[PDB]
Amino acid sequence: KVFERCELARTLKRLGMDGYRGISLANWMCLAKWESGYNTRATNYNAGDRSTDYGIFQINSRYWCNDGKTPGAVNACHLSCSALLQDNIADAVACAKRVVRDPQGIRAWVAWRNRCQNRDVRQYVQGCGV
Ligand SMILES: [Cl-]
Ligand SMILES: [Cl-]
Ligand SMILES: [Cl-]
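Take any residue in the sequence shown, note its place counting from 1, add 18, and you have its number in the working numbering.
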């Protein structure tokens, strides 16, 4: 599915994302916006290293989920990458939390550095009741 902005914001808040390991909801919204345009079914093959990015946060198969087809991969979220293509984003959210338990935190996503870091991201949650 493609989420509407405020629906997603409320969905993530219910799933405990607000302030998770120091990360505001608006940072998570900005990440989802630039990764996928709020689209849970998005996939992107990386020809360069044989991995794929999955779902609303574009979580990468090399480290985070298993797709069977990425060489030398591990599966730190202990999920099929299929779980990251559901309309229900609970698994994706669990896996995004796992990503940010690592030292880099939200910096793991380069899109976050480019489009969100050191920016005014308040617009992402304006009006959403979160
Ligand atoms: Cl911030
Ligand atoms: Cl699974
Ligand atoms: Cl679903």
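Ideal Cβ placement from N, Cα and C applies to all residues, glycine included.
Assumed close pair residue i, residue j - CB separation to whole angstroms, cut-off 8 Å
| i | j | result |
| --- | --- | --- |
| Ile74 | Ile107 | 6 Å |
| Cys113 | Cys134 | Not quite, the Cβ-Cβ distance comes to about 19 Å (not below 8 Å), so this is no contact. |
| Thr58 | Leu97 | Rounded, the Cβ-Cβ distance is 14 Å, inconsistent with contact. |
Span separating the alpha-carbon of residue i from that of residue j
| i | j | result |
| --- | --- | --- |
| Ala101 | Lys115 | 15 Å |
| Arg68 | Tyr81 | 12 Å |
| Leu49 | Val128 | 10 Å |
| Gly40 | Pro121 | 13 Å |
| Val139 | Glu53 | 15 Å |
| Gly145 | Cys24 | 7 Å |
| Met35 | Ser42 | 8 Å |
| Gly86 | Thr61 | 15 Å |
Best match in the options for proximity to residue i [C-alpha to C-alpha]
| i | options | result |
| --- | --- | --- |
| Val148 | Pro121, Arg32, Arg131 | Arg32 |
| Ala65 | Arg131, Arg59, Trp52, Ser79 | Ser79 |
Sequence-distant residues of its chain with Cβ nearer than 6 Å to residue i (five each side left out)
| i | result |
| --- | --- |
| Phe21 | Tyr56 |
| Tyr142 | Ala44, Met47, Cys48 |
| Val118 | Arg39, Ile124 |
Same chain only: Cβ atoms within 7 Å of residue i, ignoring 5 sequence neighbours per side
| i | result |
| --- | --- |
| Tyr63 | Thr70 |
Checklist entry - What are the uninterrupted segments assigned as beta strand (DSSP E) that are 3 or more residues long and contained completely in the region 27-81, given in chain order? => result 61-64, 69-72
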